[PDB]
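To start, the structure itself, in structure tokens.
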Amino acid sequence: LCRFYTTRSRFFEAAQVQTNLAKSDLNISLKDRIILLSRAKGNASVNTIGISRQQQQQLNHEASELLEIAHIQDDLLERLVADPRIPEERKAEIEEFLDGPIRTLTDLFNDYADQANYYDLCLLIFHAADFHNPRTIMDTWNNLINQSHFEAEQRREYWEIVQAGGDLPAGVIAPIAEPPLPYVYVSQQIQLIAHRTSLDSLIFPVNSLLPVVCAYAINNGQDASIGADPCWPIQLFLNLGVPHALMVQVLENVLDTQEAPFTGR
Amino acid sequence: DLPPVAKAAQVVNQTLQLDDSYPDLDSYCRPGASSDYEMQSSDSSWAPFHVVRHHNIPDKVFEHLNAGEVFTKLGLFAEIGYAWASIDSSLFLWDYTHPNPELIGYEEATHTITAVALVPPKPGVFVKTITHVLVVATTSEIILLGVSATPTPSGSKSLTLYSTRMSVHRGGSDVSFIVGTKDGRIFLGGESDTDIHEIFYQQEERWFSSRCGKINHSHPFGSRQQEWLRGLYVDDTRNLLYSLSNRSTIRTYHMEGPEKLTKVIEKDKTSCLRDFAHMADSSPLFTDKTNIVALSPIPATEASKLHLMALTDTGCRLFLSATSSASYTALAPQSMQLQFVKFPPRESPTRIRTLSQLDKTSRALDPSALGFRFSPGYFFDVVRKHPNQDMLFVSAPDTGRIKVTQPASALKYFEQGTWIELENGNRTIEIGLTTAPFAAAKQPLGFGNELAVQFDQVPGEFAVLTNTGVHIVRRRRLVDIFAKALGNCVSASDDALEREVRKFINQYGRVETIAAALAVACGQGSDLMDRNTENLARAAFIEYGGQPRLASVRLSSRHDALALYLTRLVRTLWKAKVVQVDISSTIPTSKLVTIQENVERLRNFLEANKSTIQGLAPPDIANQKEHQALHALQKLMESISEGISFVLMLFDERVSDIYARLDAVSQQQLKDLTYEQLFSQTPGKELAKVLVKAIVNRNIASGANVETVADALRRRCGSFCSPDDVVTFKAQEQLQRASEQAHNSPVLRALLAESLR
Amino acid sequence: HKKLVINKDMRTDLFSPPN
Amino acid sequence: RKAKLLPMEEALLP
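Chains as they are written, first to last, in our numbering: chain B, 768 to 1032; chain E, 49 to 805; chain F, 16 to 34; chain Z, 2 to 15.
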């Protein structure tokens, strides 16, 4: 039906059919619901004669929001199923409730993303929900940084054992190449999220996030001692596209208040 | 001699006793056997259960599950709406009612997880906000975690985890089964042997004792043959613990103390088979080749003699009694005997609708892989005839037929059954109750009366966990079936309704059927076309309600239906004390509101049909007493609503303050005041008139507003308040407020002069 | 659902086998 | 996300 409509330049009618189908309780897989929404989004973004711009935009917007949530749900499901630390018994249960109609952001957060400590996805969820809560957002940033640091540390350790002759714990895939220093893997995590949310989000309050990253750098010796650029935190946020004025503005505040580790010498 | 409300209260008291005389399980599962079923298609309006929704497993859990190196496992926490999945040494919980849940991950464990359970906490150990304990068993240790499952605005518990430093090394025995008692005792068993262990834990650390310990209650020694456990089962009402072995041996343990566990019965399959052979009806469905796949304890509240149900792989439900050697020293039983067998139904599931001896040979439930029983007898059986698709047989007691059966010697285990199909690939793992445990009474007689509690507790719902998701199955009440059936009669003849109604009368009797019509007419079942269904229900209540007749008179079935419905709306109130002395209310305020709304909607229904319903309008001796009886019930209804409004008014104030400034006789009268007395006995009315006369006195001391509390008492609880008392209250208002303003000179001469007026 | 509801009160232990 | 495990101090009284 949709194919018929489109060839007749009736894109809006196709977007309507596809969207409703994606919201329906028919037996449709999550990935198919992602395709349906993605098509509707495209079809509603172009003019269809006889239909008001307002009506087009409202549909294009509903498809865009549902598509964002759908992608989150798909990222979850995939990660959970592949997670070595999740019991098989549970995985089958997760696949049943996530590989179907699109769920609310509350559920995705509480029942899955928060339970499995997938903090990066938690952040994407706070973005999609326009979640106004600076403290929780920062708590999640702090957990993500620390989790990533510990994982990078672990991987560098395993490597050091290979290069010394030792044996890795049973069922640990060796690293045939020097993995990245912790500050490199952490900043990788920050970039992946930034590109996904576009810095204009409330999960990038530079006034809170930049001091925390700088704090991390100091309190974990991610500096010259290990061969890192001592300004790496600043480089990171500049390339990311934070305006220069705002940077200096925050750094000033850091210097005046002399908080947490930014003290003495 | 006897006024209306007192006459109607007599009908209520006798109706309460009639509902509480519903046969106990022992009475219709007497020694012998049964194959009584009425099967219903799952898509039929008469289906006893039906699927209401499904919840897929989150995709992230599928990612972890398919990332499993050695071992995975799924399970249910149906009490709080959570499921869990273990992958090797990692555990993930999530709220399955949430549309996009976040995964609560716990990966501290070092070795493979083999069992997980959610149990109550030991009292006086943890902060009150800790609602549960999470037990995590690995191949190396058992770990206790504190849990707080506080409800959220959405209706799904918020789960947060607490560390405890409580753990013990496992030992050599596998742990695959964990169960908890009401008091927080934790018992363990597994697939290494038949031993039962218990985990102890305490708040204080001692130099001679750790915070957490483990002991083997079985004390094994010497020669031991291979045998291990298939499950553990608790019955708190009897302080018993049951184990089922791989050889189908049933062991019973008694908790003679807070730290003791004593084996008191051991009954192997041979003993069960010997009992079975002594029964009148032996069957090839139960032999030495047959396996017992599941047990289900039966609590003492439900039945005195029958302690346990055992399910065979052929689908036979074995009901076992247990008895103590003596009557005094909890008392531990010492014998267990197979007494009664419910054999499988014969009808198999079909895509197309297909068209009196004991049936003891049916293979319809062969093979039964998993089985569950919930009070008052809801039975779920996972039949695995094919290795890819499970079929779910679900049955309930035929409460309507059991209640009407007469005499008692004709009682049999009648059941309503249905087949629920799960899609290809769905392997059922576990089934758990999501709502509060069912109980219509506090003792076996009356316990199983589903009809009595249709409007006091939501229908039972059950979470069916599969490898693909969680399916919600809901028990359907008579009013649900009646409303659905009538919904199909909307487009049919006058005789189409009469035909459907006659089905209900032949099963439930006329009174129960007309009571269901009255309930549907009043909007019951609508929490689930609806105007036409309610109008059809009204038409059924009028047309088929019968009439009064000389035998002393026999009132119509329409009257008994109104009395039955009204009684069941207030059964939780009638005999209960109004207050609990720091005085508080016995019944939560939210419950009093819903009861009042139900009573008022019933009253509204009678008023809107005063002209069309026989007996309401005034009318020879038969119709006379019919009019008097119906009038008395309606006077009790308004009295019930006034009484409830009075109790709500009372606790909106500061009752403890009012209770303090009160005489002893009136404190004692209020101490043992029941709702029945408040509704239907002069002393409740006289005491009510005292309390109102006292609350206003106090209200004036607070002095927020007199004329608002006035109009509050004036209208709603009129006929119990007096207009000469509010004007008096208005006078005592200015008098006390003249004593409040006493220091002022010119303000009193207006207060005292108006008080005098 | 694109609306979040946190509820730590009553969850299901992610790190345990099921009852 | 690894679940935050609040301390024993809050958990058990007194």
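Note that the Cβ used here is the ideal one computed from N, Cα and C, for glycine as well.
Tell me where the alpha helix (DSSP H) around residue i begins and ends.
i              : result
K737 (chain E) : 730 to 750
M685 (chain E) : 669 to 700
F110 (chain E) : 107 to 114
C889 (chain B) : 886 to 895
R963 (chain B) : 949 to 964
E252 (chain E) : Where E252 (chain E) is concerned, there is no enclosing alpha helix (DSSP H), given that its DSSP letter is neither H nor E.
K317 (chain E) : 317 to 326
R651 (chain E) : 637 to 655
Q780 (chain E) : 771 to 788
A57 (chain E)  : 52 to 67
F428 (chain E) : Run containing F428 (chain E): none in the alpha helix (DSSP H); it sits in the beta strand (DSSP E), 426 to 431.
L481 (chain E) : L481 (chain E) -> not in any alpha helix (DSSP H); beta strand (DSSP E) instead, spanning 476 to 481.
Please list the terminal residues of the continuous beta strand (DSSP E) segment that includes residue i.
i              : result
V626 (chain E) : Neither: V626 (chain E) is in no beta strand (DSSP E) and is coded neither H nor E.
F125 (chain E) : 120 to 125
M25 (chain F)  : Unbroken run through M25 (chain F): none, as it is neither H nor E.
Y461 (chain E) : Looking at the DSSP string, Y461 (chain E) is not in any beta strand (DSSP E), and its letter there is neither H nor E.
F495 (chain E) : Per DSSP, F495 (chain E) belongs to no beta strand (DSSP E); it is in the alpha helix (DSSP H), 492 to 495.
On the premise that residue j lies in contact with residue i, defined as a C-beta separation below 8 Å, what is that separation, rounded to the nearest angstrom?
i              : j              : result
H607 (chain E) : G663 (chain E) : 7 Å
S196 (chain E) : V20 (chain F)  : Wrong, their Cβ atoms sit about 16 Å apart, outside the cutoff.
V223 (chain E) : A157 (chain E) : Contact doesn't hold; Cβ gap of about 13 Å is too wide.
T466 (chain E) : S83 (chain E)  : Contact flag wrong, Cβ pair sits at about 17 Å.
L113 (chain E) : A931 (chain B) : Contact doesn't hold; Cβ gap of about 35 Å is too wide.
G732 (chain E) : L739 (chain E) : That pair is no contact at about 10 Å.
State the beta-bridge partners of residue i as determined by DSSP.
i                     : result
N104 (chain E)        : B:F864, E:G517
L288 (chain E)        : E:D283, E:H302
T208 (chain E)        : E:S196
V848 (chain B)        : Answer is none; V848 (chain B) lacks a bridge partner.
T371 (chain E)        : E:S383
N264 (chain E)        : E:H245
residue 806 (chain E) : Outside the shown range of chain E, which is 49 to 805, sits residue 806 (chain E), and nothing can be said about it.
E11 (chain Z)         : Answer by DSSP bridge pairing: none, since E11 (chain Z) is not bridged.
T360 (chain E)        : E:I340
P345 (chain E)        : E:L356
Name, please, each residue of chain B whose Cβ falls closer than 7 Å to the Cβ of residue i.
i              : result
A4 (chain Z)   : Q882, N884
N114 (chain E) : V848, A849, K858
So residue i contacts chain F; which residues on that side make the cut at Cβ distance below 7 Å?
i              : result
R846 (chain B) : Under the 7 Å cutoff, chain F gives no residues; its nearest Cβ is about 14 Å from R846 (chain B).
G517 (chain E) : Per Cβ cutoff of 7 Å: no residues; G517 (chain E) is ~14 Å from chain F at best.
If the cut is a Cβ gap below 9 Å, which residues of chain Z does residue i touch?
i              : result
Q821 (chain B) : None at all; the shortest Cβ gap to chain Z is about 40 Å.
At a CB-CB cut-off below 9 Å, which residues of chain F make contact with residue i?
i              : result
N877 (chain B) : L19, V20, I21, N22, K23, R26
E918 (chain B) : Result: empty, since nearest Cβ-Cβ is about 19 Å, beyond 9 Å.
Taking Cβ-Cβ distances shorter than 8 Å, what residues in chain B pair up with residue i?
i              : result
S138 (chain E) : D850, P851, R852, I853, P854
Please list the partners that residue i has in chain Z, where partner means a Cβ-to-Cβ separation under 8 Å.
i              : result
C889 (chain B) : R2
Output, in chain order, the set of chain E residues within a Cβ distance shorter than 7 Å of residue i.
i              : result
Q840 (chain B) : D107, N148
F864 (chain B) : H103, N104, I105, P106, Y144, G517, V518
Run through chain Z and tell me which residues come within less than 7 Å of residue i, C-beta to C-beta.
i              : result
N910 (chain B) : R2
Along chain E, which residues have their Cβ under 8 Å away from the Cβ of residue i?
i              : result
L797 (chain B) : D107
(message) When you compare the stretch 114 to 133 of chain E with the stretch 830 to 840 of chain B, are there three or more beta-carbon pairs, one atom per stretch, that lie closer than 8 Å?
(response) No, the stretch 114 to 133 of chain E does not touch the stretch 830 to 840 of chain B.
(request) Spell out a yes or no on whether the stretch 132 to 140 of chain E and the stretch 514 to 534 of chain E are touching, meaning 3 or more CB-CB pairs, one atom from each, closer than 8 Å. (result) Taking a contact to require three or more Cβ pairs closer than 8 Å, the stretch 132 to 140 of chain E and the stretch 514 to 534 of chain E do not qualify as touching.
(request) Tell me, please, whether the stretch 200 to 210 of chain E touches the stretch 16 to 33 of chain F by the rule of three or more beta-carbon pairs shorter than 8 Å. (result) Judged by Cβ distances under 8 Å, the stretch 200 to 210 of chain E makes contact with the stretch 16 to 33 of chain F, as three or more pairs qualify.
(message) If contact is defined by three or more beta carbon pairs under 8 Å, each pair taking one atom from either stretch, is the stretch 341 to 357 of chain E in contact with the stretch 271 to 284 of chain E?
(response) Yes, the stretch 271 to 284 of chain E is in contact with the stretch 341 to 357 of chain E.
(request) State whether the stretch 693 to 712 of chain E contacts the stretch 754 to 765 of chain E, with contact taken as three or more CB pairs (one from each stretch) at a distance under 8 Å. (result) Enough Cβ pairs lie closer than 8 Å, so yes.
(request) Mind the definition here: the stretch 451 to 460 of chain E touches the stretch 391 to 409 of chain E only if three or more C-beta pairs lie below 8 Å; say whether that holds. (result) Verdict: no, contact absent.
(request) Spell out a yes or no on whether the stretch 545 to 556 of chain E and the stretch 501 to 510 of chain E are touching, meaning 3 or more CB-CB pairs, one atom from each, closer than 8 Å. (result) Because the criterion of three Cβ pairs below 8 Å is not met, the stretch 545 to 556 of chain E and the stretch 501 to 510 of chain E do not touch.
(message) Tell me whether the stretch 773 to 784 of chain B and the stretch 814 to 832 of chain B touch, counting them as touching only if at least three CB pairs, one residue from each stretch, are closer than 8 Å.
(response) The stretch 773 to 784 of chain B is in contact with the stretch 814 to 832 of chain B.
(request) Could you tell me whether the stretch 324 to 344 of chain E touches the stretch 260 to 274 of chain E, where touching means 3 or more Cβ pairs closer than 8 Å? (result) The stretch 324 to 344 of chain E and the stretch 260 to 274 of chain E do not touch, with fewer than 3 CB-CB distances between them shorter than 8 Å.
(request) Could you say if the stretch 357 to 364 of chain E and the stretch 64 to 75 of chain E meet the contact criterion of at least three C-beta pairs nearer than 8 Å? (result) With the cut-off at 8 Å, the stretch 357 to 364 of chain E and the stretch 64 to 75 of chain E do not touch.
(message) Within 8 Å, do at least three Cβ pairs link the stretch 637 to 656 of chain E to the stretch 98 to 107 of chain E?
(response) With contact defined as three or more Cβ pairs closer than 8 Å, the stretch 98 to 107 of chain E and the stretch 637 to 656 of chain E are not in contact.
(message) I'd like to know if the stretch 911 to 926 of chain B and the stretch 934 to 954 of chain B are in contact, where contact means that at least 3 CB-CB pairs between them fall below 8 Å.
(response) The stretch 911 to 926 of chain B makes contact with the stretch 934 to 954 of chain B, as at least three CB pairs between them are under 8 Å.
(message) Whether or not the stretch 103 to 113 of chain E and the stretch 841 to 859 of chain B are in contact is what I'm after, with contact meaning three or more pairs of Cβ atoms, one per stretch, closer than 8 Å; do they touch?
(response) Yes, since at least three Cβ pairs between the stretch 841 to 859 of chain B and the stretch 103 to 113 of chain E fall closer than 8 Å, the two stretches touch.
(request) Answer yes if the stretch 580 to 590 of chain E comes into contact with the stretch 616 to 632 of chain E, meaning at least three C-beta pairs across the two stretches below 8 Å, and no otherwise. (result) With the rule of 3 Cβ pairs closer than 8 Å, the stretch 616 to 632 of chain E does not count as touching the stretch 580 to 590 of chain E.
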